[PDB]
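Asker: Have a look at this one.
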Amino acid sequence: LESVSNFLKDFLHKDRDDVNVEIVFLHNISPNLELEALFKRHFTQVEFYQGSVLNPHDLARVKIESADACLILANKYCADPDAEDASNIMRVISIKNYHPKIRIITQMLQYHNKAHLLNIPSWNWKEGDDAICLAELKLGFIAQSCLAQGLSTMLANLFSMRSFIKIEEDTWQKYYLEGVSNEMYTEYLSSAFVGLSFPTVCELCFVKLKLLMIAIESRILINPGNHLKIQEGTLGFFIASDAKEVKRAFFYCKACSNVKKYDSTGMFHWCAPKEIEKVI
Amino acid sequence: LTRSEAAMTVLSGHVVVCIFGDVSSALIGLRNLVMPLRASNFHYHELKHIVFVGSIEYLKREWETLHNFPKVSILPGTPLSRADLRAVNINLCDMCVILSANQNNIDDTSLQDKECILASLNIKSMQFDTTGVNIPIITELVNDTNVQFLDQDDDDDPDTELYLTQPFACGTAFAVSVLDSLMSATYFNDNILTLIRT
Amino acid sequence: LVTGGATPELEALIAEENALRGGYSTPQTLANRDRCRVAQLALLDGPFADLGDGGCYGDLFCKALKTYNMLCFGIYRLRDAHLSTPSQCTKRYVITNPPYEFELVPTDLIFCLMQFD
Ligand SMILES: [Ca+2]
Ligand SMILES: [Ca+2]
Ligand SMILES: [Mg+2]
């Protein structure tokens, strides 16, 4: 009940644009009366079918061969993280075995189990297979709070879909909620901005269109320098109130030395393998 | 062995044995697998080398019955470690054999063959300067219904019998459930059990 | 942004060997350092400090972006800084992407992405 309720609140939020993607649930337990009521409150957008993901007959029943993606939620509060990871690995194996070319989004509790999973022959991270590793992302968010305190809160609030909430009281909560009302989006931007610098289109977009750009599509570039020119046909990683606002970014045309210091890729510092007693 | 000596010791036409042992796992009895390879109607130059990859605790809980055989080696690693399987020359073996001891301790009928399936997929998803799909591989499964995950090109159906499944018809999978006809065969013909045994 | 880069090369290396391996310095290695790093900076000193009491977030956003190639996605504002009375509380909170018209106070911190040297 809580897993589906939280998923449907984020998937069907009014701040996204007018998407009409149907949601089909596959589970081997008959839903209780409160889940049946939750599906009745979403009667035109949610369907449930009772079956096992490990059964090719059930996979054909839910028409997984024509689905746009398959999402595999995980039990974050399970007693045995290893057992939960093994079960999720088996589910991924079964889905890929039935249909190798299905986009799979899954939650993985540990990082070694994520490494175990990515060895699957059909597991293609380029095609869109995303293993959202909870321990990895949470420890990365904690580390970014060590570079700038509050950044874990800053990042987490950019994903959850939230409407504007306003109250008459002058309290820190009003300002906080006003800040929380913005999410990170992604869309293609006008030919009227091709040929300009990234700082220039940022100061243009900032309050005239009311849109802030963090990055653009040498592909994924976090906060480009002043020396980079906007390619034709590119997309911007906007932060905005919603998706219907970032449409402006498109719909505008002048409407006014042998030391090994690093890893093999040159992205992390490195040293020789220290003994445990040396660092104790 | 370890990583260094395994990698520099050239191996080809060998047998690689992948064991998911544990300190609490049951004894597989690897003697019965080694002895047929070690039989004397092969010349000594024709004896395929054997290397075991698995938990060092489980290897030191079974080595007490394998010290009188030649051409054997242990590598104390993980059967799912890509580095170990590359160091063991997995692409040049005459067989890879995948066995699991943790099959009776747990009762889930879903995770019994998870390790074996994952190891098989990891070996089949290897790039060699040829792919890992052409490697000679055999794996032992506890549940016959888990055989559908071994191959991807084949069509899968739970109703289809194990003998009819493609990975078994190719000699890629083996389960102890196919031996149940030996009761009836043995009874009707008393010499069949000794002909098979020899 | 979160793991400080994990390009497909590193994801292959950690999948094959399951450890970071050290590399000798190369021109491509020294080019791979150029990517932005997240920062906080103070509003009480340095070139930004003329945005004292009553400054506009739009002025700060504009001058930071124009002159230091730097832009801010939020303010780490003190909880009690909106009150009239002084307080000993040092707790702050994240304000995300505020209006151009949004009002500054001199005790503030700014979240931003900054260049590499
Ligand atoms: Ca919003
Ligand atoms: Ca199959
Ligand atoms: Mg419907």
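Going by the structure tokens order, chains are called A, B, ..., each with residues numbered from 1, while ligands are numbered from 1 in the order shown.
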Which parts of range 18-91 of chain C does DSSP call helix (DSSP H, G or I) when run on the backbone here, written out as a PyMOL selection string?

Answerer: chain C and resi 27-31+57-68+79-82

Asker: Would you save the residues of that selection, restricted to N, CA and C atoms, as an mmCIF file, in the first residue's frame?

Answerer:
data_model
loop_
_atom_site.group_PDB
_atom_site.id
_atom_site.type_symbol
_atom_site.label_atom_id
_atom_site.label_comp_id
_atom_site.auth_asym_id
_atom_site.auth_seq_id
_atom_site.Cartn_x
_atom_site.Cartn_y
_atom_site.Cartn_z
ATOM 1 N N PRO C 27 48.599 13.714 -20.702
ATOM 2 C CA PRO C 27 47.874 14.924 -21.096
ATOM 3 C C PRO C 27 46.348 14.771 -21.036
ATOM 4 N N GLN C 28 45.809 13.606 -21.414
ATOM 5 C CA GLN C 28 44.376 13.304 -21.268
ATOM 6 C C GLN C 28 43.941 13.223 -19.793
ATOM 7 N N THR C 29 44.782 12.671 -18.912
ATOM 8 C CA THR C 29 44.545 12.675 -17.457
ATOM 9 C C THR C 29 44.473 14.102 -16.914
ATOM 10 N N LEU C 30 45.395 14.987 -17.293
ATOM 11 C CA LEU C 30 45.356 16.392 -16.864
ATOM 12 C C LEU C 30 44.193 17.185 -17.492
ATOM 13 N N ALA C 31 43.684 16.799 -18.663
ATOM 14 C CA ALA C 31 42.456 17.369 -19.220
ATOM 15 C C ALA C 31 41.194 16.921 -18.457
ATOM 16 N N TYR C 57 18.849 38.860 -4.976
ATOM 17 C CA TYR C 57 19.446 37.609 -5.443
ATOM 18 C C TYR C 57 19.743 37.640 -6.944
ATOM 19 N N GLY C 58 18.892 38.299 -7.730
ATOM 20 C CA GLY C 58 19.136 38.533 -9.148
ATOM 21 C C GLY C 58 20.412 39.321 -9.429
ATOM 22 N N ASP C 59 20.717 40.354 -8.639
ATOM 23 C CA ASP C 59 21.982 41.087 -8.768
ATOM 24 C C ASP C 59 23.167 40.159 -8.514
ATOM 25 N N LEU C 60 23.102 39.360 -7.438
ATOM 26 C CA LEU C 60 24.168 38.425 -7.074
ATOM 27 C C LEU C 60 24.358 37.349 -8.145
ATOM 28 N N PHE C 61 23.268 36.720 -8.581
ATOM 29 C CA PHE C 61 23.276 35.721 -9.640
ATOM 30 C C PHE C 61 23.912 36.291 -10.901
ATOM 31 N N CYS C 62 23.491 37.489 -11.320
ATOM 32 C CA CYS C 62 24.046 38.136 -12.496
ATOM 33 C C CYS C 62 25.544 38.416 -12.333
ATOM 34 N N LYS C 63 25.987 39.110 -11.268
ATOM 35 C CA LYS C 63 27.418 39.453 -11.152
ATOM 36 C C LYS C 63 28.313 38.223 -11.002
ATOM 37 N N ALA C 64 27.875 37.199 -10.261
ATOM 38 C CA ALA C 64 28.617 35.944 -10.128
ATOM 39 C C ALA C 64 28.805 35.268 -11.489
ATOM 40 N N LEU C 65 27.726 35.195 -12.275
ATOM 41 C CA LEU C 65 27.733 34.538 -13.571
ATOM 42 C C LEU C 65 28.548 35.310 -14.605
ATOM 43 N N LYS C 66 28.337 36.627 -14.695
ATOM 44 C CA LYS C 66 29.040 37.510 -15.638
ATOM 45 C C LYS C 66 30.555 37.520 -15.431
ATOM 46 N N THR C 67 31.012 37.554 -14.177
ATOM 47 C CA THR C 67 32.416 37.893 -13.869
ATOM 48 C C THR C 67 33.262 36.715 -13.383
ATOM 49 N N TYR C 68 32.667 35.712 -12.727
ATOM 50 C CA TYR C 68 33.386 34.540 -12.210
ATOM 51 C C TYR C 68 32.951 33.210 -12.845
ATOM 52 N N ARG C 79 18.037 29.987 10.048
ATOM 53 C CA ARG C 79 16.630 29.825 10.418
ATOM 54 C C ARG C 79 15.957 31.066 11.014
ATOM 55 N N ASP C 80 16.632 31.694 11.968
ATOM 56 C CA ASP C 80 16.126 32.876 12.670
ATOM 57 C C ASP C 80 16.482 34.199 11.983
ATOM 58 N N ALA C 81 17.169 34.208 10.839
ATOM 59 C CA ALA C 81 17.555 35.451 10.164
ATOM 60 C C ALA C 81 16.371 36.276 9.649
ATOM 61 N N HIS C 82 15.201 35.673 9.463
ATOM 62 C CA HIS C 82 13.973 36.378 9.099
ATOM 63 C C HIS C 82 13.284 37.054 10.300
#

Asker: Skipping near chain neighbours, those fewer than 2 positions away, what residues fall within 7 Å of range 86-95 of chain C using only C-alpha atoms, listed as a list in words?

Answerer: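 Here the answer would be residues 150, 154, 175, 176 and 179 of chain A; 74, 75, 76, 77, 78, 79, 80, 84, 97 and 98 of chain C.
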
Asker: Go ahead and dump the residues you just picked, N, CA and C atoms, as a PDB file, in the first residue's frame.

Answerer:
ATOM      1  N   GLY A 150      24.171  20.700   3.588  1.00  0.00           N
ATOM      2  CA  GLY A 150      22.822  20.962   3.070  1.00  0.00           C
ATOM      3  C   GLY A 150      22.600  20.479   1.638  1.00  0.00           C
ATOM      4  N   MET A 154      19.286  19.578  -0.751  1.00  0.00           N
ATOM      5  CA  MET A 154      19.167  20.282  -2.027  1.00  0.00           C
ATOM      6  C   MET A 154      18.909  19.307  -3.181  1.00  0.00           C
ATOM      7  N   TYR A 175       9.615  30.084   3.200  1.00  0.00           N
ATOM      8  CA  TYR A 175      10.736  30.196   2.277  1.00  0.00           C
ATOM      9  C   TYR A 175      11.213  28.812   1.850  1.00  0.00           C
ATOM     10  N   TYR A 176      11.355  27.905   2.813  1.00  0.00           N
ATOM     11  CA  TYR A 176      11.775  26.546   2.507  1.00  0.00           C
ATOM     12  C   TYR A 176      10.822  25.890   1.508  1.00  0.00           C
ATOM     13  N   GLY A 179      11.238  27.258  -1.964  1.00  0.00           N
ATOM     14  CA  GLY A 179      12.379  26.629  -2.610  1.00  0.00           C
ATOM     15  C   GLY A 179      12.105  25.194  -3.023  1.00  0.00           C
TER      16      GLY A 179
ATOM     17  N   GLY C  74      21.012  27.970  -4.927  1.00  0.00           N
ATOM     18  CA  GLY C  74      20.359  28.168  -3.635  1.00  0.00           C
ATOM     19  C   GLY C  74      21.155  28.917  -2.566  1.00  0.00           C
ATOM     20  N   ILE C  75      20.426  29.339  -1.542  1.00  0.00           N
ATOM     21  CA  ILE C  75      20.891  30.081  -0.369  1.00  0.00           C
ATOM     22  C   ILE C  75      20.791  29.168   0.853  1.00  0.00           C
ATOM     23  N   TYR C  76      21.842  29.057   1.659  1.00  0.00           N
ATOM     24  CA  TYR C  76      21.818  28.320   2.924  1.00  0.00           C
ATOM     25  C   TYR C  76      21.559  29.281   4.104  1.00  0.00           C
ATOM     26  N   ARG C  77      20.329  29.783   4.157  1.00  0.00           N
ATOM     27  CA  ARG C  77      19.914  30.816   5.114  1.00  0.00           C
ATOM     28  C   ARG C  77      19.660  30.435   6.573  1.00  0.00           C
ATOM     29  N   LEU C  78      20.179  31.250   7.495  1.00  0.00           N
ATOM     30  CA  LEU C  78      19.950  31.007   8.934  1.00  0.00           C
ATOM     31  C   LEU C  78      18.456  30.985   9.280  1.00  0.00           C
ATOM     32  N   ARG C  79      18.037  29.987  10.048  1.00  0.00           N
ATOM     33  CA  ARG C  79      16.630  29.825  10.418  1.00  0.00           C
ATOM     34  C   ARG C  79      15.957  31.066  11.014  1.00  0.00           C
ATOM     35  N   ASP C  80      16.632  31.694  11.968  1.00  0.00           N
ATOM     36  CA  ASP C  80      16.126  32.876  12.670  1.00  0.00           C
ATOM     37  C   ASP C  80      16.482  34.199  11.983  1.00  0.00           C
ATOM     38  N   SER C  84      13.090  39.578  13.755  1.00  0.00           N
ATOM     39  CA  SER C  84      13.609  40.881  14.192  1.00  0.00           C
ATOM     40  C   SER C  84      14.670  40.756  15.293  1.00  0.00           C
ATOM     41  N   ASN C  97      16.683  27.871  -5.682  1.00  0.00           N
ATOM     42  CA  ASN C  97      16.333  28.628  -6.880  1.00  0.00           C
ATOM     43  C   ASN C  97      15.386  29.826  -6.612  1.00  0.00           C
ATOM     44  N   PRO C  98      15.730  30.754  -5.703  1.00  0.00           N
ATOM     45  CA  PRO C  98      14.820  31.829  -5.332  1.00  0.00           C
ATOM     46  C   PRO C  98      14.646  32.866  -6.461  1.00  0.00           C
TER      47      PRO C  98
END

Asker: Under the rule of at most 7 Å, produce a per-residue listing of chain B near ligand 2: chain, number, name, the closest pair of atoms, and the distance in Å, as CSV, using only C-alpha atoms and all ligand atoms.

Answerer:
residue,atom,partner,partner_atom_place_in_ligand_line,distance
B:148,CA,ligand 2,1 (Ca),4.1
B:149,CA,ligand 2,1 (Ca),4.8
B:150,CA,ligand 2,1 (Ca),5.9
B:151,CA,ligand 2,1 (Ca),4.2
B:152,CA,ligand 2,1 (Ca),4.3
B:153,CA,ligand 2,1 (Ca),6.3
B:154,CA,ligand 2,1 (Ca),5.0
B:155,CA,ligand 2,1 (Ca),5.6
B:156,CA,ligand 2,1 (Ca),5.0

Asker: For the selection you just gave me, I'd like the residues written to a file as a PDB file, in the first residue's frame, keeping C-alpha atoms.

Answerer:
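Result file is part_13.pdb:
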ATOM      1  CA  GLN B 148      14.977 -21.606 -18.455  1.00  0.00           C
ATOM      2  CA  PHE B 149      17.377 -18.851 -17.337  1.00  0.00           C
ATOM      3  CA  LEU B 150      20.483 -20.615 -18.667  1.00  0.00           C
ATOM      4  CA  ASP B 151      19.857 -19.657 -22.306  1.00  0.00           C
ATOM      5  CA  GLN B 152      18.243 -16.631 -23.939  1.00  0.00           C
ATOM      6  CA  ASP B 153      17.742 -17.663 -27.576  1.00  0.00           C
ATOM      7  CA  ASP B 154      15.686 -20.718 -26.609  1.00  0.00           C
ATOM      8  CA  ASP B 155      11.957 -20.545 -25.938  1.00  0.00           C
ATOM      9  CA  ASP B 156      11.003 -21.066 -22.302  1.00  0.00           C
TER      10      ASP B 156
END

Asker: Using only C-alpha atoms and all ligand atoms, which residues have at least one atom no more than 8 Å from ligand 3? Output them as JSON, numbers by chain.

Answerer: {"A": [22, 43, 44, 45, 46, 47]}

Asker: Give me a file of those residues, with C-alpha atoms, as a PDB file, in the first residue's frame.

Answerer:
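That gives us result-v6.pdb:
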ATOM      1  CA  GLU A  22      -0.596   3.435 -18.316  1.00  0.00           C
ATOM      2  CA  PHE A  43      -9.202   3.428 -12.116  1.00  0.00           C
ATOM      3  CA  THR A  44      -8.329   4.850 -15.554  1.00  0.00           C
ATOM      4  CA  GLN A  45      -4.532   4.904 -15.140  1.00  0.00           C
ATOM      5  CA  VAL A  46      -3.652   1.798 -13.098  1.00  0.00           C
ATOM      6  CA  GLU A  47      -4.303  -1.880 -13.763  1.00  0.00           C
TER       7      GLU A  47
END

Asker: Residues at most 8 Å from ligand 1, using only C-alpha atoms and all ligand atoms? Could they come as a PyMOL selection string?

Answerer: chain A and resi 15+161-164+180-183+240-242

Asker: Taking only C-alpha atoms into account, what are the residues of chain B at most 9 Å from chain C, put as an MDAnalysis selection string?

Answerer: chainID B and resid 81:83

Asker: Using only C-alpha atoms, determine which residues of chain A fall within 12 Å of chain B; present them as a compact mmCIF listing (two decimals) with N, CA, C and O atoms, in the first residue's frame.

Answerer:
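Result file is iface.txt:
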# COMPACT_ATOMS: atom_id res chain seq x y z
N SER A 52 3.37 -14.07 -11.17
CA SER A 52 4.76 -14.08 -10.76
C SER A 52 5.63 -13.57 -11.90
O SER A 52 5.45 -13.98 -13.05
N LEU A 54 8.60 -14.26 -12.40
CA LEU A 54 9.43 -15.36 -12.87
C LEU A 54 8.71 -16.28 -13.84
O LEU A 54 9.34 -17.20 -14.38
N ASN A 55 7.42 -16.06 -14.08
CA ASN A 55 6.65 -16.92 -14.97
C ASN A 55 6.55 -16.27 -16.35
O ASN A 55 5.98 -15.17 -16.47
N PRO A 56 7.08 -16.90 -17.39
CA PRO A 56 6.94 -16.33 -18.74
C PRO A 56 5.49 -16.18 -19.17
O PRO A 56 5.18 -15.26 -19.94
N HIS A 57 4.59 -17.04 -18.69
CA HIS A 57 3.18 -16.87 -19.00
C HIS A 57 2.65 -15.56 -18.43
O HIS A 57 1.94 -14.82 -19.12
N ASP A 58 2.99 -15.25 -17.18
CA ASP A 58 2.57 -13.99 -16.59
C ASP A 58 3.22 -12.80 -17.30
O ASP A 58 2.58 -11.76 -17.50
N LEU A 59 4.49 -12.94 -17.68
CA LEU A 59 5.17 -11.87 -18.40
C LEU A 59 4.49 -11.59 -19.74
O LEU A 59 4.38 -10.43 -20.16
N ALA A 60 4.04 -12.64 -20.42
CA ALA A 60 3.26 -12.45 -21.64
C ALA A 60 1.89 -11.86 -21.33
O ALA A 60 1.34 -11.11 -22.14
N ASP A 82 21.09 -9.33 1.52
CA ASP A 82 21.60 -10.27 0.53
C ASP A 82 20.46 -11.05 -0.12
O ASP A 82 20.45 -11.24 -1.34
N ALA A 83 19.50 -11.51 0.68
CA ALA A 83 18.36 -12.24 0.12
C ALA A 83 17.53 -11.35 -0.79
O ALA A 83 17.07 -11.78 -1.86
N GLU A 84 17.30 -10.10 -0.38
CA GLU A 84 16.54 -9.18 -1.23
C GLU A 84 17.27 -8.91 -2.55
O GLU A 84 16.64 -8.89 -3.61
N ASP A 85 18.58 -8.72 -2.49
CA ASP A 85 19.35 -8.50 -3.70
C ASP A 85 19.30 -9.73 -4.60
O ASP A 85 19.19 -9.60 -5.83
N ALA A 86 19.38 -10.92 -4.01
CA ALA A 86 19.28 -12.15 -4.80
C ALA A 86 17.93 -12.27 -5.48
O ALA A 86 17.84 -12.65 -6.66
N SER A 87 16.85 -11.95 -4.76
CA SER A 87 15.52 -12.01 -5.36
C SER A 87 15.38 -11.01 -6.50
O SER A 87 14.84 -11.35 -7.56
N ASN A 88 15.88 -9.79 -6.31
CA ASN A 88 15.81 -8.80 -7.38
C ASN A 88 16.66 -9.23 -8.58
O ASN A 88 16.27 -9.00 -9.73
N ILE A 89 17.81 -9.85 -8.32
CA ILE A 89 18.65 -10.36 -9.40
C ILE A 89 17.91 -11.43 -10.19
O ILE A 89 17.95 -11.46 -11.42
N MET A 90 17.22 -12.33 -9.48
CA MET A 90 16.44 -13.36 -10.16
C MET A 90 15.32 -12.75 -11.00
O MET A 90 15.06 -13.20 -12.12
N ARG A 91 14.65 -11.73 -10.47
CA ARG A 91 13.60 -11.07 -11.24
C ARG A 91 14.16 -10.43 -12.51
O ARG A 91 13.57 -10.56 -13.59
N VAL A 92 15.30 -9.75 -12.39
CA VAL A 92 15.93 -9.14 -13.56
C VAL A 92 16.31 -10.22 -14.57
O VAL A 92 16.12 -10.05 -15.78
N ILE A 93 16.85 -11.34 -14.08
CA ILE A 93 17.25 -12.43 -14.96
C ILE A 93 16.04 -12.96 -15.72
O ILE A 93 16.10 -13.17 -16.94
N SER A 94 14.93 -13.16 -15.02
CA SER A 94 13.73 -13.69 -15.67
C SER A 94 13.19 -12.72 -16.72
O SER A 94 12.83 -13.13 -17.83
N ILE A 95 13.12 -11.43 -16.38
CA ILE A 95 12.58 -10.46 -17.33
C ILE A 95 13.47 -10.37 -18.56
O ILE A 95 12.98 -10.34 -19.70
N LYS A 96 14.79 -10.34 -18.36
CA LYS A 96 15.70 -10.26 -19.50
C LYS A 96 15.66 -11.53 -20.33
O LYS A 96 15.77 -11.48 -21.56
N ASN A 97 15.50 -12.69 -19.68
CA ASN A 97 15.40 -13.95 -20.40
C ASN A 97 14.16 -13.99 -21.28
O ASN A 97 14.21 -14.45 -22.42
N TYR A 98 13.03 -13.50 -20.76
CA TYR A 98 11.82 -13.44 -21.58
C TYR A 98 11.99 -12.44 -22.72
O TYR A 98 11.66 -12.74 -23.87
N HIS A 99 12.49 -11.25 -22.42
CA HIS A 99 12.67 -10.20 -23.42
C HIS A 99 13.99 -9.49 -23.15
O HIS A 99 14.09 -8.70 -22.20
N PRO A 100 15.02 -9.76 -23.95
CA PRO A 100 16.31 -9.08 -23.73
C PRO A 100 16.25 -7.57 -23.92
O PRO A 100 16.96 -6.84 -23.21
N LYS A 101 15.43 -7.11 -24.87
CA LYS A 101 15.32 -5.69 -25.20
C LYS A 101 14.30 -4.85 -24.43
O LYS A 101 13.68 -3.94 -24.98
N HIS A 112 28.22 -4.41 -4.35
CA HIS A 112 28.78 -5.65 -4.88
C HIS A 112 27.72 -6.47 -5.59
O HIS A 112 27.99 -7.11 -6.61
N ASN A 113 26.49 -6.47 -5.07
CA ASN A 113 25.40 -7.14 -5.77
C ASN A 113 25.07 -6.44 -7.08
O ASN A 113 24.69 -7.10 -8.05
N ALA A 115 27.36 -5.00 -8.94
CA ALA A 115 28.42 -5.50 -9.80
C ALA A 115 28.11 -6.91 -10.28
O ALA A 115 28.40 -7.27 -11.43
N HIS A 116 27.53 -7.73 -9.40
CA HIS A 116 27.10 -9.07 -9.80
C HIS A 116 26.05 -8.99 -10.89
O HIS A 116 26.09 -9.76 -11.86
N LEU A 117 25.09 -8.07 -10.75
CA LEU A 117 23.99 -7.96 -11.69
C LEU A 117 24.45 -7.45 -13.05
O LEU A 117 23.94 -7.90 -14.08
N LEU A 118 25.36 -6.49 -13.11
CA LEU A 118 25.73 -5.88 -14.39
C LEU A 118 26.49 -6.84 -15.32
O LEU A 118 26.74 -6.49 -16.47
N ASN A 119 26.83 -8.05 -14.86
CA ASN A 119 27.45 -9.04 -15.73
C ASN A 119 26.45 -9.83 -16.56
O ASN A 119 26.85 -10.72 -17.30
N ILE A 120 25.16 -9.53 -16.44
CA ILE A 120 24.14 -10.24 -17.22
C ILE A 120 24.34 -9.95 -18.70
O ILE A 120 24.60 -8.79 -19.07
N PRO A 121 24.27 -10.95 -19.58
CA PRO A 121 24.51 -10.68 -21.01
C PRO A 121 23.55 -9.68 -21.63
O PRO A 121 23.95 -8.94 -22.53
N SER A 122 22.30 -9.64 -21.18
CA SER A 122 21.33 -8.71 -21.73
C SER A 122 21.32 -7.36 -21.02
O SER A 122 20.65 -6.44 -21.49
N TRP A 123 22.05 -7.23 -19.92
CA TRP A 123 22.10 -5.97 -19.18
C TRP A 123 22.88 -4.94 -19.98
O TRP A 123 24.11 -5.02 -20.08
N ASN A 124 22.18 -3.97 -20.55
CA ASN A 124 22.78 -2.95 -21.40
C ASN A 124 22.54 -1.58 -20.77
O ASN A 124 21.45 -1.03 -20.87

Asker: Can you tell me which residues surround residue 4 in chain C at a distance of at most 9 Å, considering only C-alpha atoms, apart from same-chain residues fewer than 2 positions away, and format the answer as a PyMOL selection string?

Answerer: (chain A and resi 140+267-268) or (chain C and resi 1-2+6+37)

Asker: At a cut-off of 12 Å, using only C-alpha atoms, what residues contact residue 31 in chain B? Leave out same-chain residues fewer than 6 positions from it and give the result as a compact mmCIF listing (two decimals) with N, CA and C atoms, in the first residue's frame.

Answerer:
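Everything below was put into part.txt:
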# COMPACT_ATOMS: atom_id res chain seq x y z
N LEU B 37 38.36 -38.68 -14.52
CA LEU B 37 39.40 -37.97 -15.26
C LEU B 37 40.77 -38.61 -15.04
N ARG B 38 41.02 -39.06 -13.81
CA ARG B 38 42.30 -39.67 -13.45
C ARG B 38 42.46 -41.15 -13.82
N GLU B 62 37.71 -30.34 2.57
CA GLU B 62 37.57 -31.43 1.60
C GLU B 62 38.90 -31.93 1.02
N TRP B 63 39.97 -31.12 1.05
CA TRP B 63 41.28 -31.47 0.49
C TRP B 63 41.88 -32.77 1.05
N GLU B 64 41.51 -33.14 2.27
CA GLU B 64 41.87 -34.39 2.94
C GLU B 64 41.57 -35.67 2.14
N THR B 65 40.77 -35.61 1.07
CA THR B 65 40.53 -36.74 0.16
C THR B 65 40.97 -36.50 -1.30
N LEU B 66 41.74 -35.44 -1.55
CA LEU B 66 42.19 -35.14 -2.91
C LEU B 66 43.71 -34.97 -3.10
N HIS B 67 44.49 -35.23 -2.06
CA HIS B 67 45.95 -35.09 -2.13
C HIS B 67 46.76 -36.19 -2.86
N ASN B 68 46.17 -37.33 -3.22
CA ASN B 68 46.84 -38.39 -3.98
C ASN B 68 46.65 -38.32 -5.52
N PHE B 69 46.08 -37.23 -6.00
CA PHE B 69 45.85 -37.05 -7.43
C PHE B 69 46.79 -36.00 -8.00
N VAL B 72 46.38 -31.35 -10.12
CA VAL B 72 45.31 -30.56 -9.49
C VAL B 72 45.85 -29.25 -8.92

Asker: For a quick check of understanding, using only C-alpha atoms, which of C:54, C:48, C:36, C:42 has the smallest distance to residue 101 in chain C?

Answerer: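 For residue 101 in chain C, the nearest of the given residues is C:54.
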
Asker: For chain C, work out the contacting residues on chain A at 6 Å, counting only C-alpha atoms, and write them as a list in words.

Answerer: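 Applying the cut-off to the listed atoms yields residues 140, 148, 172, 176, 179, 260, 262, 263, 264, 266 and 270 of chain A.
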
Asker: Write the residues you've just listed into a file as a tab-separated table (two decimals), in the first residue's frame, and include N, CA, C and O atoms for each of them.

Answerer:
chain	number	residue	atom	x	y	z
A	140	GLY	N	27.21	8.82	-1.53
A	140	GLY	CA	27.58	9.94	-2.36
A	140	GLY	C	26.92	11.23	-1.92
A	140	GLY	O	27.60	12.25	-1.78
A	148	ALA	N	29.76	20.67	0.86
A	148	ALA	CA	28.88	21.79	1.16
A	148	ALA	C	27.66	21.30	1.97
A	148	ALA	O	26.77	20.66	1.42
A	172	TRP	N	10.40	30.41	8.63
A	172	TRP	CA	11.38	29.77	7.75
A	172	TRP	C	10.74	28.73	6.83
A	172	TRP	O	11.22	28.48	5.72
A	176	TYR	N	11.36	27.91	2.81
A	176	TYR	CA	11.78	26.55	2.51
A	176	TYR	C	10.82	25.89	1.51
A	176	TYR	O	11.28	25.35	0.51
A	179	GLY	N	11.24	27.26	-1.96
A	179	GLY	CA	12.38	26.63	-2.61
A	179	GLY	C	12.10	25.19	-3.02
A	179	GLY	O	12.49	24.77	-4.12
A	260	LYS	N	52.52	7.66	-9.40
A	260	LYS	CA	51.10	7.41	-9.69
A	260	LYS	C	50.21	8.23	-8.74
A	260	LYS	O	49.78	7.73	-7.70
A	262	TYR	N	47.16	9.42	-9.59
A	262	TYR	CA	45.76	9.27	-10.00
A	262	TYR	C	45.42	7.84	-10.41
A	262	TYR	O	46.30	7.00	-10.61
A	263	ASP	N	44.13	7.53	-10.54
A	263	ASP	CA	43.63	6.32	-11.18
A	263	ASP	C	43.89	6.32	-12.70
A	263	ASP	O	44.19	7.35	-13.31
A	264	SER	N	43.70	5.17	-13.33
A	264	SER	CA	43.86	4.95	-14.76
A	264	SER	C	43.05	5.90	-15.66
A	264	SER	O	43.45	6.15	-16.79
A	266	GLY	N	42.26	9.18	-14.68
A	266	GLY	CA	42.62	10.55	-14.31
A	266	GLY	C	41.51	11.33	-13.61
A	266	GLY	O	41.39	12.54	-13.80
A	270	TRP	N	45.07	8.53	-5.90
A	270	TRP	CA	45.44	7.13	-5.64
A	270	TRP	C	46.75	7.01	-4.85
A	270	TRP	O	47.59	7.91	-4.89

Asker: Might you pull out every residue within 7 Å of residue 52 in chain B, with only C-alpha atoms counted and same-chain residues fewer than 6 positions away left off, and present them as a PyMOL selection string?

Answerer: chain B and resi 16-18+73-75

Asker: For the residues in the current selection, export C-alpha atoms as a PDB file, in the first residue's frame.

Answerer:
ATOM      1  CA  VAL B  16      37.904 -25.587 -14.488  1.00  0.00           C
ATOM      2  CA  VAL B  17      35.725 -26.362 -11.451  1.00  0.00           C
ATOM      3  CA  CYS B  18      33.691 -23.570  -9.845  1.00  0.00           C
ATOM      4  CA  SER B  73      45.318 -26.923  -8.243  1.00  0.00           C
ATOM      5  CA  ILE B  74      43.298 -24.641  -5.884  1.00  0.00           C
ATOM      6  CA  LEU B  75      42.689 -20.874  -6.373  1.00  0.00           C
TER       7      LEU B  75
END

Asker: Which residues, written as a list in words, have at least one atom at most 10 Å from range 33-42 of chain A, with only C-alpha atoms counted and residues fewer than 2 positions away on the same chain left out?

Answerer: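 The contact residues come out as residues 1, 2, 4, 5, 8, 12, 23, 30, 31, 44, 45, 46, 47 and 48 of chain A.
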
Asker: Write out as a list in words all residues of range 7-77 of chain C that backbone DSSP assigns to strand (DSSP E or B).

Answerer: residues 22, 23, 37, 38, 39, 40, 41, 42, 56, 71, 72, 73, 74, 75, 76 and 77 of chain C

Asker: Please indicate the distance in Å from CA of residue 177 in chain B to CA of residue 57 in chain B, rounded to one decimal place.

Answerer: 29.2 Å
